[PDB]
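Novice: quick one, structure for this:
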Amino acid sequence: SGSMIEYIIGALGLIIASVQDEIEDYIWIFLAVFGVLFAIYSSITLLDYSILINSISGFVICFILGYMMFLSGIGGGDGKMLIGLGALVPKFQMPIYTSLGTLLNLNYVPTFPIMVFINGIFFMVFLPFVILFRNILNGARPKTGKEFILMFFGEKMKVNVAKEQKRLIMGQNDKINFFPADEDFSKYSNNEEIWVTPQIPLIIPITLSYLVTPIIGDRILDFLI
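Specialist: Residues are numbered from 1 along each chain as shown. Below, you will see the structure:
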């Protein structure tokens, strides 16, 4: 309940961010700045050096965790918006039910921004299953080997619609490259069926996570341990 006005602004940033899909660069930096500036105002106003400290700290702890996630190559992307969210909304109303939670929850530690990510990553684990159905409902069945694997991670449509939506060619039948990105690598095929990369941006699960975490908190970590 405390830091409400703040929370509402991160939510905006992420919904703009989750929807759009370059501007991902302007948003992250804006969140940090408004956040830091905002803390100054609240601090002097509320008269609590308490506020400012978590903020700066939050920005820092997050820079390190993502820069490391950046470096330990995995993170690849987004670690950045978790960064900015950090120096603004670290710490927000939220239930804890784990030993780790008592830890993630502390003085400087940006609890919510961090939590929003963890709960966010598990969500991404539903994705392949989301696409499994999108594909079922799309009236697509698999005829070959890699297709089954594909059924979970890719979406099948006609080269007409393929080019129409101008997507990344993933492969035909078993000629699948599960990591394609020669641009639209010569879409040279008949107006037939093809496999392509979907655009389900990990940004979403994190935004869903942003909104649900305040209600969920540590529960998922609990059940999964």
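
Novice: now do the contacts for the most centrally placed residue in the chain.
Specialist: Nearest to the geometric centre of the chain sits residue 203, at 3.2 Å (Cα atoms, centre = their mean). Counting by Cβ atoms under 8 Å, 6 or more residues apart in numbering, residue 203 touches 14, 17, 18, 21, 24, 78, 81. Any C-beta I mention is one placed from the backbone N, CA and C, and that applies to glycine too.

Novice: residues near the residue nearest to residue 81 when sequence neighbours are not counted, how many?
Specialist: Leaving aside its chain neighbours, residue 81 sits nearest to residue 28 (5.0 Å; criterion: Cβ to Cβ, 6 or more residues apart in numbering). A count of nearby residues for residue 28, using other Cβ atoms under 10 Å, gives 20.

Novice: got a list of what residue 28 touches?
Specialist: Here residue 28 is in contact with 80, 81, 83, 84 (criterion: Cβ under 8 Å, 6+ apart).

Novice: again with residue 21
Specialist: Taking Cβ under 8 Å, 6+ apart, we find residue 21 in contact with 199, 201, 203.

Novice: next one: it from residue 129, what distance?
Specialist: To residue 129, residue 21 is 21 Å away according to Cβ to Cβ, to the nearest Å.

Novice: show me where this protein has helices.
Specialist: Ranges of helices in the chain, per DSSP state H, are 4-19, 24-46, 49-71, 79-86, 99-104, 111-124, 127-137, 145-153, 159-164, 203-216, 219-223.

Novice: may I see those organised as CSV, with distance to residue 175 added?
Specialist: Formatted as CSV, these follow (distance: least, Cβ to Cβ, whole Å):
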stretch, distance to residue 175
helix 4-19, 33
helix 24-46, 32
helix 49-71, 33
helix 79-86, 33
helix 99-104, 44
helix 111-124, 27
helix 127-137, 18
helix 145-153, 8
helix 159-164, 14
helix 203-216, 30
helix 219-223, 38
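
Novice: picking that back up, in a markdown table: the contacts of residue 21, plus distance to residue 165.
Specialist: Formatted as a markdown table, the contacts of residue 21 follow (distance: Cβ to Cβ, whole Å):
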| residue | distance to residue 165 |
| --- | --- |
| 199 | 9 |
| 201 | 15 |
| 203 | 19 |
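
Novice: ok, these vs residue 37, which is closest?
Specialist: Checking those against residue 37 with Cβ to Cβ, the nearest one is residue 203 at 24.4 Å.

Novice: measure residue 5 to residue 123 for me?
Specialist: Using Cβ to Cβ, we find residue 5 at a distance of 26 Å from residue 123.

Novice: of those two, which one has the most company?
Specialist: Remark: of residue 5 and residue 123, residue 123 carries more neighbours, 18 against 9, as counted by other Cβ under 10 Å.

Novice: before I go, just wanted to say thanks for your time.
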